[PDB]
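Below, each chain spelled out in residue letters.
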Amino acid sequence: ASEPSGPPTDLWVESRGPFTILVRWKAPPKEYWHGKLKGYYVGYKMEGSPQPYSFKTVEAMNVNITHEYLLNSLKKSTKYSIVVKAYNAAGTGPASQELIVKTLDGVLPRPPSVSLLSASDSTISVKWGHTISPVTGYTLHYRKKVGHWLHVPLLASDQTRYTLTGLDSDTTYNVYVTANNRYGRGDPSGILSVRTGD
């Protein structure tokens, strides 16, 4: 049993506001653990800064999943380099490659709240809400359970209601809404599932 010899895989970073960055990753292959993993360290620093990396400890014994961690308390509109390491009972393993990501210039809108209105054999009607302070528009996301996500871009000036048309009958669709801002796209709402009538 030794320290891991491989970096985490499938690293993905995305800034979710002026102060926060969402980091996703997967574990290294089983052949590079050398001892069951106890967790990870997520490293971050300002891109060119001479200061060293700051590491956040993320405990994750559960594996076979996509791990994610929300860095917070960051600086507005600045670029950071992000890495992730793995560790076990023995020492820490090697870090992943750097992903450089910039924080946003402002706060994103809150995730909307979606609710079902009605459903027919070929249509589904949906309401949503703001709980916002300035929103610039929305996007409605829908799919059939077995299919791929389709997108309906929308304007904030309209009524916050929409009716999907031309749908298959006796088919379960999933629906959710995202809000839009000058600074970017907010988190998604919860996914509404409903089946069309026969």
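Residues numbered from 1 in each chain as written, not as in the entry; some residues may be left out. Heavy atoms only, no water.

1. Some remarks on the sheet that holds strand 7 (residues 99-102)
Link 1 in the chain: Read across the open sheet, the four strands follow the order 4-3-6-7; overall the sheet is antiparallel. One side of each edge strand has no neighbouring strand; the edge strands of this open sheet are strand 4 (54-59) and strand 7. Averaged over all adjacent pairs, the angle separating strand axes in this sheet is 30°, with direction ignored.
Link 2 in the chain: With six bridges joining them, strand 3 (residues 39-46) and strand 4 adopt antiparallel strand pairing. When the sheet's bridge partners are listed, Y41 is paired in strand 4 with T57. (Pairing = 2+ DSSP bridges. Helix = DSSP H or I, 4+ residues; strand = E, 2+ residues; numbered from the N terminus. Axes fitted to C-alpha atoms, helices over the stretch in contact; angles between N-to-C directions.)

2. Here we look at the domain arrangement of the protein chain
Link 1 in the chain: Domain boundaries assigned for the protein chain yield domain 1 (12-102) and domain 2 (113-196).
Link 2 in the chain: Measuring from the centre of the C-alpha atoms in domain 1 to the corresponding centre in domain 2 gives 33 Å. (Domains from an automatic or database assignment.)

3. Topic: the packing of aromatic side chains
Link 1 in the chain: Taken as a whole, this structure holds six aromatic pairs when the rule is applied.
Link 2 in the chain: Here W149 and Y176 contribute two aromatic rings whose centre-to-centre distance is 4.8 Å and whose plane-to-plane angle is 80°, an arrangement assigned as edge-to-face. Of this pair, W149 sits in the loop between strand 10 (137-144) and strand 11 (150-155) while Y176 sits in strand 13 (residues 172-180), and the two are 27 residues apart along the sequence.
Link 3 in the chain: Among the residues examined, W149 registers a relative accessible area of 29% and is labelled partly exposed. (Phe/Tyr/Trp six-rings, centres within 6.5 Å; stacked < 30°, edge-to-face > 60°. Buried < 20%, exposed > 50% of the residue type's maximum accessible area, 1.4 Å probe, protein only.)

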